[PDB]
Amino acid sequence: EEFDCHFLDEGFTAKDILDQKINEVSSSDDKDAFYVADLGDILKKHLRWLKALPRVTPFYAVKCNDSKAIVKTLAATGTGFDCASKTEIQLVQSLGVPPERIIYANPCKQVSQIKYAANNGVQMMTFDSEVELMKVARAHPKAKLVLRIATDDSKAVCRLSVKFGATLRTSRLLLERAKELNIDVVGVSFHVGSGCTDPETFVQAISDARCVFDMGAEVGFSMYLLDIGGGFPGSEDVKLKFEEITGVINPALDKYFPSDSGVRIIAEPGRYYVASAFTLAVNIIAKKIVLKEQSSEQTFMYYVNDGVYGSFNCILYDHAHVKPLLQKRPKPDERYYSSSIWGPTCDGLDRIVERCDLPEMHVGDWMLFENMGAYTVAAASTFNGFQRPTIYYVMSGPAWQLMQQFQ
């Protein structure tokens, strides 16, 4: 509508448009970093979610990548949205989507923000504490409420009491307390997360929330909404893959949450939809030769025009492991050297890749980072003055075919 979105010409991929944009500027300085973002890649992901998880409705986790072009490609596709604040509710609201396709799945919400949702038609929210019930009572008394339980399958480093998620015990309590309040609680949500070594944590999650529905029942609560959260992998570059996890989800849901029981099942995927769709191209702006060990080569330092304050904040906050790629075509069979790769800022710890093997590169060559769509442009700033890469959005004729059925 106001985003570029360039249909690919008939033989062309998203990789080809990368090569075109780098060739355009071959002679003419302005070598700023840029992305190529394949909205065709995202419409493939949704088709694949329909086959893999036919009972589960996908609520896109907006925080993952809030670009307006992405939400609206997804809003035309049938997804709901998981939204955590007044500006994400407003974003999705302005893109035409109804009340009924949002869950406000932040367990701990400011009271003015609770009040905003209720004034704008938004009713389903999550919670996991007494103060929160307390707040809703006061500010959204007719809200439909999903209780969030603890899972496991890793947390990053020992520390004591976790951010979100009730015990079964505290849920016993929280179900009663809401009963005191006349607040309708309709379901259970958990969130395993993308540091899942082991798919049976889902089953365990699913089993733990039979318990809590059955604890809904003894108090008088009639619950149907099952939310199994996010954390599904967004590329093929992971060891546990999407369909390995979903093999174990499905007969879990079959044993514990039979369809003839009336249940509705949603989830909140974020990186699954967008991670592989974005490729980042960055320019080599500066270069040091280290005459190394105490036109003359042994180890290398390369500086590029996006870093850990920009797109590579992901290596800090999201634990990403990034992989530098060349799109110089490989030579005959070229020597590699031990190298490091640095961001543009004046900060000694703006460092992207502490050690890797690369061929010798020169100022003005391009490096590529694939799988950079999730938790990347969403959390970047412009610290030190360095601007955000411009994103070019593209689509094949065949993915537009795919789009063009449902809307």
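Position 1 is the first residue in the sequence shown; the rest follow in order.
Coordinates are given for every deposited residue between residue 161 and residue 162; the gap count there is zero. Of the two segments examined, 84 to 92 and 254 to 262, it is 254 to 262 that shows the higher average Cα temperature factor in the deposited entry.
Stretches compared: 205 to 213, 147 to 155. Higher mean C-alpha B-factor in the entry: 147 to 155. Remark: of 79, 294, 311, 126, 294 shows the highest value [criterion: C-alpha B-factor in the PDB entry]. In this entry, the residue among 305, 110, 327, 276 with the greatest C-alpha B factor is 327. Among all modelled residues in its chain, residue 245 ranks in the middle third by Cα B-factor. Sort the modelled residues of the chain by CA B factor and residue 231 lands in the lowest third.
Placement of the Cα temperature factor of residue 101 within the chain: middle third of the modelled residues, per the deposited record. Among all modelled residues in this chain, the alpha-carbon of residue 73 has a temperature factor (C-alpha) in the middle third. When the CA B factors of the chain's modelled residues are split into thirds, the value for residue 200 lands in the highest one.
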